[PDB]
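Asker: The structure's right below; bear with me while I get my questions together.
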Amino acid sequence: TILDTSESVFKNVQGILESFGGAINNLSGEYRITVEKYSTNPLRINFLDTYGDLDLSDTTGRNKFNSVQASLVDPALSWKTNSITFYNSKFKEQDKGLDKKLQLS
Amino acid sequence: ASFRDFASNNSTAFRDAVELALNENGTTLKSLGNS
Amino acid sequence: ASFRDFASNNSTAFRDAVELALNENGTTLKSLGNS
Amino acid sequence: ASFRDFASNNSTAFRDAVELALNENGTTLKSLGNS
Amino acid sequence: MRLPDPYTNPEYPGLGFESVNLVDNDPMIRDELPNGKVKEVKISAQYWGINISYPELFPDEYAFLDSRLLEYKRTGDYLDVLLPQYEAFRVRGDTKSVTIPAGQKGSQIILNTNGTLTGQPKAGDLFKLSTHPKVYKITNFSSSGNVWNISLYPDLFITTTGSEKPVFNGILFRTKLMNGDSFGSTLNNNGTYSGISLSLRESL
Amino acid sequence: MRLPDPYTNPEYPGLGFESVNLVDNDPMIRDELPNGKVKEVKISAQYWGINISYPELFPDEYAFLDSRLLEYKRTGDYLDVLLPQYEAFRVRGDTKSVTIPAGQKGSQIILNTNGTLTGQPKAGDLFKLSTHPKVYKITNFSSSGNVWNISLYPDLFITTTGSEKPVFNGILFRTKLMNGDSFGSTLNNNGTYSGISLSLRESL
Amino acid sequence: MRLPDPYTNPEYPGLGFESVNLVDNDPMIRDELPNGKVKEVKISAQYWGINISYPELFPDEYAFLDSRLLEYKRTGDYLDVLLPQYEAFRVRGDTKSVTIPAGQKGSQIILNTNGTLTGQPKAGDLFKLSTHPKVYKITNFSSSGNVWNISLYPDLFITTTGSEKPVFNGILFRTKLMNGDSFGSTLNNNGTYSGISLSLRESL
Amino acid sequence: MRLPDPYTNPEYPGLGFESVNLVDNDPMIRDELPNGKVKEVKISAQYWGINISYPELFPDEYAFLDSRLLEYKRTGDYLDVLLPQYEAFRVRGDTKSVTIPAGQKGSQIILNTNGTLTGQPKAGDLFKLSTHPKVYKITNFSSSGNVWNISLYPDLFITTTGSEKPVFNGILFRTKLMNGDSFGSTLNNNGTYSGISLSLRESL
Amino acid sequence: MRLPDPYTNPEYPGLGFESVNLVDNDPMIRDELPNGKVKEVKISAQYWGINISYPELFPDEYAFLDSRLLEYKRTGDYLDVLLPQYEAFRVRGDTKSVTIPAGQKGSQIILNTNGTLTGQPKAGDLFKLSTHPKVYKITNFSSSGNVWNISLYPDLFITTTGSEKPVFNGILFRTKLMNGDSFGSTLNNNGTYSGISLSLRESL
Amino acid sequence: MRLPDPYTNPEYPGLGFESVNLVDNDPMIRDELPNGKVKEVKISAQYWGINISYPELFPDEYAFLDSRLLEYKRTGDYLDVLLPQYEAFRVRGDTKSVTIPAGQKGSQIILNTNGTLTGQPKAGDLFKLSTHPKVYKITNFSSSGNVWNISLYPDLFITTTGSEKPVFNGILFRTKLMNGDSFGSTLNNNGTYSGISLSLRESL
Amino acid sequence: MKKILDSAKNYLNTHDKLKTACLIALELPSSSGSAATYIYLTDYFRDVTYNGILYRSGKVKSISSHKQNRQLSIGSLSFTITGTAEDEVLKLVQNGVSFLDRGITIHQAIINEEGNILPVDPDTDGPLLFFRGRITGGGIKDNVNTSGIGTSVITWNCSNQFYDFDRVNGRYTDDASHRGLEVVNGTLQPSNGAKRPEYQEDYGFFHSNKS
Amino acid sequence: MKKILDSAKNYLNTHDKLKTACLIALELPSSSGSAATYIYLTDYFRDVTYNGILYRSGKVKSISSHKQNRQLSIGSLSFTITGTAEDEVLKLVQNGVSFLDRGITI
């Protein structure tokens with residue numbers, strides 16, 4: 001990484017994160033760094049343990065994509081930009097063949 | 001309904017209430033004068 | 001509370017009430033299409 | 001009136017209600033981090 | 001300062017409490033989960049609320065009562081209220097030779113009477129420490145020799161320092177007069193004052 | 001703990017319910033379809049609600065009652081009550097030798113008295129399992145010799161583990177007070193506490 | 001399931017309907033234009049609302065009624081309500097040899113009685129099909145030979161398949177008990193239960 | 001259609017208005033100027049409102065009444081009513097040979113009886129044109145021989161086309177029900193439907 | 001136009017004012033500063049509000065009153081209201097030879113009676129100018145020879161042009177009928193009309 | 001100005017308070033601390049509030065009263081009132097030769113009569129300084145020969161300048177009307193104005 | 001101006017009480033794109049047959065208002081199902097199912113005296129169209145009250161083709177994007193991601209990276 | 001997952017009426033950076049001793065809700081003092097005093 005120190009501290013931290021997941025948390029006193037992961041022993045919540053309210057919301061539009069196109073500064077080239085593009089046949093077999101591309105950098 | 005008139009009589013409060021949730025992150029509404 | 005649902009049913013009024021306090025100065029919300 | 005305090009206690013709902021009328025067209029409030 | 005009652009001032013019989021209302025005010029945050037379990041949370045303090053009602057008052061009775069209330073509002077003192085129904089004398093003797101071990105911050109007083117007190121307090125009576133103005137009600141009492149085990153409804157508002165002395169008789173509520181912002185009394189054409197009510201709150 | 005009543009404390013006949021309101025509280029996701037059909041889904045647990053009203057209480061009886069209630073508020077446990085209209089001892093015998101086969105959920109229940117109980121529990125009477133504190137209400141009864149088939153209005157909260165024993169007499173509701181936050185008592189010039197009432201609510 | 005009434009259960013005379021309230025619930029969107037023309041729009045269905053009031057109930061009457069209501073709430077069945085004022089027997093005979101032509105989806109039933117039915121239905125009576133639980137009121141009736149022209153208030157909730165059979169007598173409302181979320185009854189010190197009301201709604 | 005009443009159905013004397021409220025409903029843009037002057041602009045159309053209250057209705061009379069009302073609700077037409085206090089037959093004769101010259105707008109109207117009518121319509125009586133269903137109210141009358149000059153409170157909704165005939169008797173209000181959405185009837189133990197009332201409202 | 005009263009129309013004794021209510025409506029912006037000084041601001045005008053109540057009305061009395069009210073609502077005129085209690089004749093003579101100097105815009109009229117008027121007006125009477133319809137009450141009156149110093153409650157709504165003539169007797173309130181948007185009267189089964197009220201406002 | 005009353009105008013005995021309500025209005029920043037202590041800060045000025053109720057007023061008495069009130073509303077000055085229950089002339093003499101030493105703030109006040117006054121002002125009586133129009137209330141009195149020590153409920157609004165003279169008799173409250181905006185008077189058929197009442201409020 | 005049959009112009013002018021029903025036809029969210037199942041629903045109290053299709057009742061509760069300005073914008077509509085059907089709940093909350101591009105057509109039907117559909121649209125001689133678009137969103141709102149009546153509402157979100165305003169559909173000059181390359185087992189093989197099946201053997205943009 | 005002692009996991013599961021107190025410790029706004037004075041406060045009705053520190057009562061009135069998303073943002077909290085203490089008022093409204101970087105632990 002290169003951190004342009006002329007940027008703000010808040011924006012620099014926000015840019016260091018979102019590159020590996022990450023979420024700075026100030027709860028319970030300390031600063032805790034948490035990244036996305038899968039566990040074989042998660043905490044079991046039944047709906048009867050809740051307060052009775054429940055809101056389900058799935059925004060498949062504007063958030064579900066079938067293919068990704070990314071770019072990066074690759075030292076294989078003379079530190080120029082290289083594009084990584086690939087599709088998924090299963091995700092396009094689903095969604096009735098709609099063409100939706102995820103753009104990343 | 002008749003809520004439009006009311007909101008039009010309390011616009012500055014709406015602006016402040018909006019800018020108070022954007023300051024949670026680093027966003028703020030004073031960045032529109034550039035554009 | 002249950003205010004979220006209501007506001008989600010009157011969004012355009014909120015937008016107008018916001019844009020009415022930004023026009024006090026030279027700011028306006030139609031300057032977001034550029035970005 | 002005493003509406004300012006209330007709105008200051010429900011700011012996120014105001015932000016969402018605003019961003020819900022700007023998404024009608026292609027505008028959104030997440031385009032302020034650039035500026 | 002003592003609120004005028006027909007104990008100290010029997011010449012004004014209209015100053016008696018036509019009806020008292022000892023209100024238990026203990027605000028709590030009560031939440032009922034869908035699984036049928038009701039859960040409570042207590043943070044704030046408990047304060048005894050006293051409401052006094054009065055009959056028609058003659059000019060002299062009202063003059064005395066109003067002079068006392070205005071003296072209260074002038075010096076900013078604390079009205080003391082005496083409830084006759086709580087003045088049953090059970091424990092008699094000296095409360096200076098009794099010792100209370102220190103460090104007691106729960107909802108229970110353990111005291112060694114040292115055999116200097118006759119009788120035993122009854123459950124539901126009024127109990128108070130000598131160094132704090134808060135008034136307690138005895139919910140249970142077990143005596144094993146000279147050491148007494150008095151249980152109190154409000155959790156001990158102070159941590160015993162070892163110098164406190166229990167007070168069983170002559171207990172007064174260090175109240176502060178509420179509803180004094182708009183306090184008035186209408187004088188009828190027959191010369192008697194009507195519509196006088198004292199909403200008092202225990203301001204320890 | 002036990003709520004005082006003339007059965008536990010016969011010396012205080014003023015205690016005892018002047019009127020008891022046993023309400024049924026089953027929350028439900030009711031939906032009124034446009035075609036006329038009404039669809040309701042039961043998710044939240046059901047709980048009996050008990051509203052007790054007391055007659056004119058003399059000062060000593062009220063002292064005992066509020067002492068017990070303040071002990072309740074202090075130690076924070078549950079407050080058991082015994083409704084007397086459901087105290088018709090219609091089933092004699094000792095229920096220890098009565099087995100309830102394990103693995104039973106729902107309204108229906110099967111228990112084998114093994115030729116021990118005498119008396120038939122008619123519909124409308126109360127029923128309670130030995131372990132769980134929930135109180136049910138028998139809606140229909142049918143017996144084939146020693147085996148008894150009982151249908152209960154609330155579904156069995158816990159599945160029988162083969163050791164739960166029936167309790168056809170002396171059923172106590174594990175309740176919690178709902179008037180605690182602001183509970184006042186008025187004293188008349190006649191010398192009695194008037195309008196004492198409780199809004200209880202079964203917990204779990 | 002039938003609601004207990006003094007037809008099936010005359011031994012409990014307190015179970016009679018002290019006053020019934022047949023409520024016509026047909027929600028409509030009514031808009032009044034400034035030109036004086038009032039305009040209505042109907043989308044939702046019409047459901048008959050029945051409200052039952054009861055007098056003071058003795059322990060046995062209340063026990064029976066409560067057992068029936070708890071059985072209802074247990075099995076999730078449908079309470080059937082019989083109104084005596086609508087039990088005038090005019091049409092008598094067999095309703096199996098009568099034929100109803102199919103495809104009738106309006107607000108009018110044309111049926112060929114085939115001369116098997118004696119008498120004629122009167123306007124304002126209660127009419128119901130054998131394959132649907134919705135209850136209809138006859139608003140008009142014209143007979144031209146054996147074919148009858150019965151006009152009904154609620155628009156036909158089903159399209160006739162040709163197998164439906166008209167029902168004129170013995171009509172019950174397939175109701176579902178509303179206000180059952182908080183259902184209770186206070187027991188007075190004299191032994192009688194008071195404050196019992198059934199707000200029923202026709203859940204077809 | 002016609003609302004049943006003792007004139008149309010004398011066999012049902014229970015029908016008939018116990019009390020009728022004929023309200024005047026003229027919406028207006030009223031403005032209270034700061035100088036004391038009150039300015040009101042009439043834009044929305046005026047409409048008479050009729051509130052009918054019925055006496056104790058026996059079951060058969062109510063059956064007829066609600067049958068007619070449900071036929072109204074079914075076929076969706078208008079519901080005509082005849083107020084009996086305005087049924088004083090003060091004008092004899094046949095009005096077919098009475099001509100109203102065309103091109104007349106506003107409160108004033110001129111009609112030529114051609115020496116046919118007998119009787120003078122005094123102020124306060126009703127008036128209605130043959131074609132339009134609006135009902136007016138005569139406020140002043142003045143006749144010069146055969147020609148009659150009548151002033152009506154509501155301005156003529158439609159300009160006379162030279163063929164409209166006066167209707168001085170048997171005037172029916174073309175109304176619409178306003179209690180239809182929730183219309184319930186209670187049956188007493190005495191055997192009568194009590195408190196039946198209608199809130200009608202003239203349409204157009 | 002004059003409202004019917006038992007002066008002009010004594011044949012209808014039911015048209016008398018059972019109770020009048022002269023309401024002083026002078027809207028002001030009143031602000032109370034924390035320093036105990038209450039401050040007022042007056043911008044809008046003062047208008048006399050008159051409320052009339054009526055007893056049960058026979059058909060002829062109601063017919064006359066309703067005809068007059070409908071004539072008012074038809075021509076859009078101004079109802080004139082006469083209060084008998086303000087009809088004491090003190091000042092008598094000619095009001096045409098009296099001169100009022102021009103330029104008087106305050107709250108005080110200085111007029112030279114020129115010795116043409118006998119008697120003197122009393123404080124609290126009703127006074128009105130001949131060129132404006134607003135009604136004034138005399139709050140004070142000092143006479144120094146022929147020039148009178150009449151003080152009026154409402155600030156002069158007009159600036160005197162020198163041609164105005166004082167009016168002391170026969171003063172009418174140029175009112176406009178409020179609550180006419182929904183104006184009605186219920187006719188009871190005994191033939192008398194009830195529930196008639198006139199809320200009038202001085203529309204100068 | 002002076003509010004009319006039987007002392008100023010004995011010819012009108014209808015004037016005079018049927019009932020007077022002298023309310024105490026001290027705004028305060030009261031705060032209820034979580035520990036049970038109640039903290040209140042006095043910032044806003046205190047002001048006596050006077051609610052006057054009149055008996056049945058005959059037309060001439062009401063004419064005088066509302067003439068005076070309308071003169072008040074016109075000239076805009078303050079309206080003085082004299083409460084008669086505090087008119088017990090308990091202090092004889094002329095108070096001009098009574099000196100109040102300068103530089104005194106707070107409730108306490110010291111004044112030297114120089115052997116002029118006869119009579120002791122008991123607690124509950126009124127007191128007012130010559131210059132400032134505020135009205136206080138004596139709460140306690142103590143005299144050592146000629147010097148008098150008086151404690152007043154409201155703190156001295158202005159510090160004594162050495163020239164203010166005591167006023168123990170004829171104390172008038174400088175009040176302002178609070179019912180002016182909508183003040184109506186009803187005239188009965190009996191001939192009296194009923195329910196006339198005033199909500200006064202001391203200004204400054 | 002959407003033209004209306006003159007026959008409907010008489011019914012809409014003479015009759016005051018209009019019985020209107022909205023016929024909804026949404027495509028089932030399915031895990032794969034195979035087949036096309038439709039659920040037909042109506043807001044009317046009885047089922048309505050249109051073109052031989054039985055629009056069953058008892059599920060739909062409310063429909064939102066369709067608004068269109070003169071500025072390009074997504075046309076959002078919201079219709080709610082009862083949420084206690086327990087057969088519509090599982091379709092929405094099913095795992096591994098996507099409804100990214102499932103359509104929905106809503107008709108506005110007027111019922112006659114005899115119970116039939118009054119013809120309005122001239123081209124079809126049937127009812128008008130209220131809305132036709134795509135399903136973009138959804139949700140269910142459970143509210144269990146510990147004392148009283150709870151409610152559950154399933155709301156489906158709808159919009160037109162421009163729902164994703166941040167969408168860049170273009171043929172970027174690259175072999176990997178032009179042929180829709182994807183690793184299948186151990187090689188980058190062309191797939192169906194290409195805009196045309198004939199793009200799978202097009203090597204035109206092979207040397208575009210070094211050009 | 002902030003781990004909790006198993007002993008507390010029994011109390012939080014068996015007892016229903018929980019008596020909770022929030023112990024506030026804020027640094028005094030001082031004109032200079034010299035020294036570090038602390039005011040210790042509590043929301044409980046009686047003073048609570050923790051690590052030998054007496055958290056005095058009678059001042060704190062309410063505390064806000066601490067919310068944390070998965071997007072970087074300032075974590076705002078708001079606790080209110082009575083405002084009639086007249087000893088906390090002067091500390092806030094004092095002239096020439098700055099509290100730019102004064103901490104608080106709750």
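Every chain in the structure tokens has a letter given in the order shown (A, B, ...), and although residue numbers restart at 1 in each chain, ligands are simply numbered from 1 in the order shown.
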Considering only C-alpha atoms, extract the chain G residues located within 7 Å of chain F and return them as a ChimeraX atom specification.

Answerer: /G:44-45,47,63,66-67,70-71,74,181-189,203-204

Asker: Using only C-alpha atoms, determine which residues lie at most 12 Å from residue L:38, disregarding the query and same-chain residues fewer than 5 positions distant; provide the list as a PDB file with C-alpha atoms, in the first residue's frame.

Answerer:
ATOM      1  CA  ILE L  24     -18.523   7.633  34.579  1.00  0.00           C
ATOM      2  CA  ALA L  25     -14.988   9.022  34.899  1.00  0.00           C
ATOM      3  CA  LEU L  26     -14.316  12.187  32.889  1.00  0.00           C
ATOM      4  CA  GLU L  27     -11.242  14.412  32.932  1.00  0.00           C
ATOM      5  CA  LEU L  28     -11.815  17.966  34.129  1.00  0.00           C
ATOM      6  CA  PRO L  29     -11.498  20.659  31.446  1.00  0.00           C
ATOM      7  CA  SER L  30      -8.479  22.596  32.688  1.00  0.00           C
ATOM      8  CA  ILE L  53     -12.608   5.081  43.798  1.00  0.00           C
ATOM      9  CA  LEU L  54     -15.845   6.559  45.156  1.00  0.00           C
ATOM     10  CA  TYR L  55     -18.147   7.305  42.220  1.00  0.00           C
ATOM     11  CA  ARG L  56     -20.410   9.955  43.728  1.00  0.00           C
ATOM     12  CA  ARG L 102      -9.997  15.177  27.501  1.00  0.00           C
ATOM     13  CA  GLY L 103     -11.002  11.536  27.801  1.00  0.00           C
ATOM     14  CA  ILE L 104     -13.883   9.700  29.449  1.00  0.00           C
ATOM     15  CA  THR L 105     -14.365   6.063  30.488  1.00  0.00           C
TER      16      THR L 105
END

Asker: Which residue gives the smallest distance to chain A among K:155, K:30, K:136, K:84, with only C-alpha atoms counted?

Answerer: K:136

Asker: Which residues come within 8 Å of residue C:35, counting only C-alpha atoms, excluding same-chain residues fewer than 5 positions away, as a PyMOL selection string?

Answerer: chain D and resi 31-32+34

Asker: Grab the atom CA of residue I:111 to atom CA of residue I:149 distance for me, in Å with one decimal place.

Answerer: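 Calculated distance between atom CA of residue I:111 and atom CA of residue I:149 is 6.9 Å.
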
Asker: Which residues come within 8 Å of residue D:28, counting only C-alpha atoms, excluding same-chain residues fewer than 4 positions away, as JSON, numbers by chain?

Answerer: {"C": [32], "D": [19, 22, 23]}

Asker: Apply DSSP to the backbone of this structure and, from chain L, keep only the residues in alpha helix (DSSP H); write these as a list in words.

Answerer: residues 6, 7, 8, 9, 10, 11, 12, 13, 14, 88, 89, 90, 91, 92 and 93 of chain L

Asker: Please dump the current selection as a PDB file, in the first residue's frame; keep N, CA, C and O atoms.

Answerer:
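That gives us part20.pdb:
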ATOM      1  N   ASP L   6     -17.998 -17.299  32.986  1.00  0.00           N
ATOM      2  CA  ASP L   6     -19.109 -18.230  33.142  1.00  0.00           C
ATOM      3  C   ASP L   6     -19.898 -17.951  34.415  1.00  0.00           C
ATOM      4  O   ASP L   6     -21.089 -18.274  34.486  1.00  0.00           O
ATOM      5  N   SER L   7     -19.256 -17.364  35.427  1.00  0.00           N
ATOM      6  CA  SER L   7     -19.977 -16.977  36.634  1.00  0.00           C
ATOM      7  C   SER L   7     -21.022 -15.912  36.334  1.00  0.00           C
ATOM      8  O   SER L   7     -22.136 -15.955  36.868  1.00  0.00           O
ATOM      9  N   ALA L   8     -20.680 -14.939  35.487  1.00  0.00           N
ATOM     10  CA  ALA L   8     -21.646 -13.916  35.107  1.00  0.00           C
ATOM     11  C   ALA L   8     -22.719 -14.480  34.187  1.00  0.00           C
ATOM     12  O   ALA L   8     -23.854 -13.993  34.176  1.00  0.00           O
ATOM     13  N   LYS L   9     -22.376 -15.506  33.404  1.00  0.00           N
ATOM     14  CA  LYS L   9     -23.344 -16.127  32.510  1.00  0.00           C
ATOM     15  C   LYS L   9     -24.458 -16.841  33.259  1.00  0.00           C
ATOM     16  O   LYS L   9     -25.519 -17.083  32.673  1.00  0.00           O
ATOM     17  N   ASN L  10     -24.249 -17.181  34.530  1.00  0.00           N
ATOM     18  CA  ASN L  10     -25.287 -17.760  35.370  1.00  0.00           C
ATOM     19  C   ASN L  10     -26.180 -16.696  35.989  1.00  0.00           C
ATOM     20  O   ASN L  10     -27.403 -16.859  36.035  1.00  0.00           O
ATOM     21  N   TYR L  11     -25.588 -15.605  36.475  1.00  0.00           N
ATOM     22  CA  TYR L  11     -26.382 -14.517  37.033  1.00  0.00           C
ATOM     23  C   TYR L  11     -27.245 -13.863  35.963  1.00  0.00           C
ATOM     24  O   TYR L  11     -28.423 -13.563  36.200  1.00  0.00           O
ATOM     25  N   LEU L  12     -26.684 -13.640  34.772  1.00  0.00           N
ATOM     26  CA  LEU L  12     -27.439 -13.017  33.692  1.00  0.00           C
ATOM     27  C   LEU L  12     -28.533 -13.920  33.139  1.00  0.00           C
ATOM     28  O   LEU L  12     -29.376 -13.441  32.374  1.00  0.00           O
ATOM     29  N   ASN L  13     -28.541 -15.202  33.502  1.00  0.00           N
ATOM     30  CA  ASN L  13     -29.542 -16.136  33.012  1.00  0.00           C
ATOM     31  C   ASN L  13     -30.582 -16.490  34.065  1.00  0.00           C
ATOM     32  O   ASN L  13     -31.742 -16.710  33.710  1.00  0.00           O
ATOM     33  N   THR L  14     -30.211 -16.503  35.345  1.00  0.00           N
ATOM     34  CA  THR L  14     -31.130 -16.876  36.414  1.00  0.00           C
ATOM     35  C   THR L  14     -31.901 -15.687  36.972  1.00  0.00           C
ATOM     36  O   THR L  14     -33.113 -15.774  37.174  1.00  0.00           O
ATOM     37  N   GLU L  88     -20.979  21.831  38.422  1.00  0.00           N
ATOM     38  CA  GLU L  88     -20.695  21.366  37.074  1.00  0.00           C
ATOM     39  C   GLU L  88     -20.936  22.435  36.023  1.00  0.00           C
ATOM     40  O   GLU L  88     -20.313  22.393  34.959  1.00  0.00           O
ATOM     41  N   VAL L  89     -21.828  23.389  36.304  1.00  0.00           N
ATOM     42  CA  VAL L  89     -22.117  24.455  35.354  1.00  0.00           C
ATOM     43  C   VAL L  89     -20.885  25.319  35.128  1.00  0.00           C
ATOM     44  O   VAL L  89     -20.529  25.637  33.984  1.00  0.00           O
ATOM     45  N   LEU L  90     -20.208  25.707  36.213  1.00  0.00           N
ATOM     46  CA  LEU L  90     -19.061  26.600  36.095  1.00  0.00           C
ATOM     47  C   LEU L  90     -17.903  25.941  35.365  1.00  0.00           C
ATOM     48  O   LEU L  90     -17.151  26.621  34.658  1.00  0.00           O
ATOM     49  N   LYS L  91     -17.737  24.629  35.526  1.00  0.00           N
ATOM     50  CA  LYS L  91     -16.670  23.930  34.816  1.00  0.00           C
ATOM     51  C   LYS L  91     -16.889  23.979  33.311  1.00  0.00           C
ATOM     52  O   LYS L  91     -15.935  24.135  32.542  1.00  0.00           O
ATOM     53  N   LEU L  92     -18.139  23.842  32.869  1.00  0.00           N
ATOM     54  CA  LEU L  92     -18.420  23.889  31.440  1.00  0.00           C
ATOM     55  C   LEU L  92     -18.351  25.314  30.900  1.00  0.00           C
ATOM     56  O   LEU L  92     -17.805  25.544  29.817  1.00  0.00           O
ATOM     57  N   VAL L  93     -18.900  26.287  31.638  1.00  0.00           N
ATOM     58  CA  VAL L  93     -18.987  27.652  31.126  1.00  0.00           C
ATOM     59  C   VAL L  93     -17.809  28.518  31.544  1.00  0.00           C
ATOM     60  O   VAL L  93     -17.858  29.743  31.361  1.00  0.00           O
TER      61      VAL L  93
END

Asker: Between atom CA of residue K:72 and atom CA of residue C:3, measure the distance and give it in Å to one decimal.

Answerer: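 For atom CA of residue K:72 relative to atom CA of residue C:3, the distance reads 28.9 Å.
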
Asker: When you look at residue B:6 with a cut-off of 10 Å (counting only C-alpha atoms), what residues show up, excluding the ones that are within fewer than 4 positions of it in the same chain? I need them as JSON, numbers by chain.

Answerer: {"B": [2, 10, 11], "C": [13, 17]}

Asker: Please save C-alpha atoms of the selected residues as a PDB file, in the first residue's frame.

Answerer:
ATOM      1  CA  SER B   2     -50.522  18.609   4.558  1.00  0.00           C
ATOM      2  CA  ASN B  10     -38.970  23.855   9.196  1.00  0.00           C
ATOM      3  CA  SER B  11     -36.453  23.335   6.405  1.00  0.00           C
TER       4      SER B  11
ATOM      5  CA  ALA C  13     -41.356  16.076   0.765  1.00  0.00           C
ATOM      6  CA  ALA C  17     -37.635  20.513   2.485  1.00  0.00           C
TER       7      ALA C  17
END

Asker: Based on only C-alpha atoms, which of the residues in chain L come within 10 Å of chain E? I want them as a list in words.

Answerer: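 Taking only C-alpha atoms into account, residues 15, 16, 17, 18, 19, 20, 21, 22, 43, 44, 45, 46, 47, 48 and 61 of chain L sit within 10 Å of chain E.
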
Asker: Write down as a list in words the residues of chain A whose backbone DSSP state falls under strand (DSSP E or B).

Answerer: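 In chain A, DSSP puts these residues in strand (DSSP E or B): residues 24, 25, 32, 33, 53, 54, 55, 56, 57, 67, 68, 69, 70, 71, 72, 73, 74, 80, 81, 82, 83, 84, 85, 86, 87, 101, 102 and 103 of chain A.
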
Asker: Name all residues at most 10 Å from residue K:112 (count only C-alpha atoms; drop same-chain ones fewer than 4 positions away) and give them as a ChimeraX atom specification.

Answerer: /G:106 /K:11,18-20,116-119

Asker: Those selected residues, please, written with N, CA and C atoms and delivered as a short mmCIF file (atom, residue, chain, number, x, y, z; two decimals), in the first residue's frame.

Answerer:
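Result went into selection.cif, see below:
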data_model
loop_
_atom_site.label_atom_id
_atom_site.label_comp_id
_atom_site.auth_asym_id
_atom_site.auth_seq_id
_atom_site.Cartn_x
_atom_site.Cartn_y
_atom_site.Cartn_z
N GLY G 106 -72.67 -13.18 -10.15
CA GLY G 106 -73.13 -11.85 -9.82
C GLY G 106 -73.66 -11.74 -8.40
N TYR K 11 -69.79 3.50 -19.39
CA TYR K 11 -69.85 2.90 -18.06
C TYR K 11 -69.14 3.76 -17.03
N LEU K 18 -68.17 1.56 -8.76
CA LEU K 18 -67.35 0.74 -9.64
C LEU K 18 -66.66 -0.34 -8.82
N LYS K 19 -66.80 -1.59 -9.25
CA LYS K 19 -66.13 -2.71 -8.60
C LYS K 19 -64.86 -3.04 -9.38
N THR K 20 -63.71 -2.68 -8.82
CA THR K 20 -62.43 -2.83 -9.51
C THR K 20 -61.59 -3.90 -8.83
N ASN K 116 -68.59 -10.06 -15.00
CA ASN K 116 -67.56 -10.20 -16.01
C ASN K 116 -66.68 -8.96 -16.06
N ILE K 117 -65.68 -9.00 -16.93
CA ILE K 117 -64.71 -7.92 -17.06
C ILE K 117 -65.20 -6.97 -18.15
N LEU K 118 -65.36 -5.70 -17.80
CA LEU K 118 -65.76 -4.69 -18.77
C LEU K 118 -64.60 -4.39 -19.71
N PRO K 119 -64.77 -4.56 -21.03
CA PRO K 119 -63.66 -4.30 -21.96
C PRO K 119 -63.36 -2.81 -22.04
#

Asker: Given a cut-off of 9 Å, which residues of chain A touch chain K, counting only C-alpha atoms, written out as a PyMOL selection string?

Answerer: chain A and resi 51-67+69+82-103

Asker: Chain L near chain A within 8 Å: what's each residue's closest atom pair and its distance in Å to one decimal, counting only C-alpha atoms, ordered by chain then ascending residue number, as CSV?

Answerer:
residue,atom,partner,partner_atom,distance
L:2,CA,A:28,CA,7.8
L:66,CA,A:27,CA,7.6
L:68,CA,A:25,CA,6.7
L:70,CA,A:23,CA,5.3
L:71,CA,A:23,CA,6.6
L:72,CA,A:14,CA,6.2
L:75,CA,A:26,CA,7.1
L:105,CA,A:29,CA,7.8
